[PDB]
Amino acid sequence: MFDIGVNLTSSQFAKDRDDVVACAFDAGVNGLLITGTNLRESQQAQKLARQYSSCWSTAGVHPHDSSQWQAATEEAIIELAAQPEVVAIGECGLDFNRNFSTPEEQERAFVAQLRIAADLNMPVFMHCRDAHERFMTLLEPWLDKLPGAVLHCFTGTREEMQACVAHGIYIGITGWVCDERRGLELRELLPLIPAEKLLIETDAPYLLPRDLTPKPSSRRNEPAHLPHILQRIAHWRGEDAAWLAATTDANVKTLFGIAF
């Protein structure tokens, strides 16, 4: 199994980042994709990717930080992407559920990073919340020039899922599906996701699975909870956890071009 959603730069892991990484590996996790959310966090993720074996990173600007985008920013992401630890351009995309950055500059910073991925021939680590239609319009002229793409932390509908998959977009599934409150719609579309478009992640330190027993006092998510998520996903697909692990790991290698 592989975790494509680890925000390891987070200050929540500051006290025990080594132990966090080590424990995940001791649970069956075969690799980590350390998420970069802005220029500064992308540079830190590249440093952590050298620090640990079987760890890579993404370089990009989150739609939440899309207001930070300048002309000096592009080349800065490229100096970082040149590293053999950086395998994806992201996290980038649209987030209209919030207002942290104006949708004008969200869109601008999204297309800019999409152009970068086309220039360097790299896959993208995408983010989309309540912005599906505007998402596919901006992706439309760029996607055919990219190796691949992933809609990580997908929370949309099954129609939206089939809309993305039709264009070769990998669907990322977190422990959001483990929430009884607001994970009903997701769990029912899970068997419809083509197994070779499925990717598993934790989005640590967020989206700690609610069906965990017992619950950690801290309630901080970590990549050591990935096997739990795969098992639930496999069960809700009527699959063997070992089989889906071998498939989801192939998808990681196919999309990112890494080995573990």
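A residue's number is simply how far along the shown sequence it sits, counting from 1.
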(Q) Can you tell me whether 91 to 99 has a higher mean C-alpha B factor than 135 to 143 in this record, or the other way round? (A) 91 to 99
(Q) Averaging CA B factors per stretch from the PDB record, which one is higher: 147 to 155 or 178 to 186? (A) 178 to 186
Q) Per the coordinate record, which of the options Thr202, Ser217, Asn30, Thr35 holds the highest CA temperature factor? A) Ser217
Q: Just say lowest, middle or highest third for the CA B-factor of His167 relative to the other modelled residues in its chain.
A: lowest
Q | For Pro191, the third of its chain into which the C-alpha B factor falls | A | lowest
Q: Divide the modelled residues of the chain into thirds by Cα B-factor and specify which third, lowest, middle or highest, holds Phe25.
A: middle
(Q) Using the temperature factors of the C-alpha atoms in this entry, rank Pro223 within its chain: lowest, middle or highest third. (A) middle
(Q) Where does the C-alpha B-factor of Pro209 rank in its chain, lowest, middle or highest third? (A) highest
